[PDB]
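We begin with a single chain expressed as structure tokens, specifically the form deposited in one PDB entry.
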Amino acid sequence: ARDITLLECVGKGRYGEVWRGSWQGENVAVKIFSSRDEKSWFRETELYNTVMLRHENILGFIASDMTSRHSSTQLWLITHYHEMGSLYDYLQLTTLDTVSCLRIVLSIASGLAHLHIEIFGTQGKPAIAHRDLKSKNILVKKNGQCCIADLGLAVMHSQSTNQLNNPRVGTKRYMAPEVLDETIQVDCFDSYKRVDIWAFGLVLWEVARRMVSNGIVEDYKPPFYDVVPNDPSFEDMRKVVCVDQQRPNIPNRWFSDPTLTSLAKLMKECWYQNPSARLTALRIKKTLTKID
């Protein structure tokens, strides 16, 4: 709205940049989109202002603005601020106990389940697949819960219509096997929900590594840290996941802990090569609730 005062830059990449801003006394996060990502800015804006997307575990919308002149375009998305930053940065220095670990993973599954499920009525919403789920697109709150942030690559589906993208978009390190070997049924909306579930299982692994049991804990590592380089190519990922049939390694110490044991069983059922065999977000949520 440019009544915002852009204080400090808290993120910078291909997507654009994210600024901590001040708007009427309160802190806000301002994502400044490139002109090359105009379609992503509008899709994310339209979910927020037309679908009325809102949930305790989804990044809170505040405002969206576009100003465009002949030879100038500025694309702003304004949301609630979260001073703890991404789950990725949060896991770097923090360790977790059983309670705070389950609060992180259950809140993520709660937000993902809310995205996936279609709601009917005048105040309803379509089914939504995220398609770029990863630890850098998840923010941590002060209460220890998380929200899902980046909705630019989302796809929607309403049973009341025949409405239905991008071929190979998303972080390659988090791509599902059916995306890498190109067998994904791009015309079934359920394929994108299952691609989100594969990514969710990778994040489960990232978080559980940082949970202490028996005085032990693992350093933060990204998924497949030990078998691919940084910025891995599409081919590197296809060799590791599709050909070598490799999955993130479960430390043996997890099995001495019954909580890390259940999360381990949850990860495996998100990593099936057969996408139809993978759990749904709703089933993951119910399972995580029983653990408490």
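For every residue, the number given is its place in the sequence shown, counted from 1. Rigid core here is just the name for the largest C-alpha set that superposes within 1.5 Å across the two forms. Shifts are known only where both forms have a C-alpha.
Keep in mind the form deposited in another entry is missing from the figure; the text below concerns it.
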| item | value |
| --- | --- |
| Entry of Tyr48, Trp41, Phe224, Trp254 that shows, once the rigid core is matched between this form and the one not shown, a C-alpha shift of 2 Å or more | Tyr48 |
| Per-residue C-alpha change between this form and the one not shown, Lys265, threshold 2 Å, rigid core fit | no |
| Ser68 C-alpha shift between this form and the one not shown of 2 Å or more, rigid core reference | yes |
| Large-shift segments between this form and the one not shown, meaning 3+ residue runs whose Cα move 2 Å or more when the rigid core is superposed | 46 to 50, 68 to 70 |
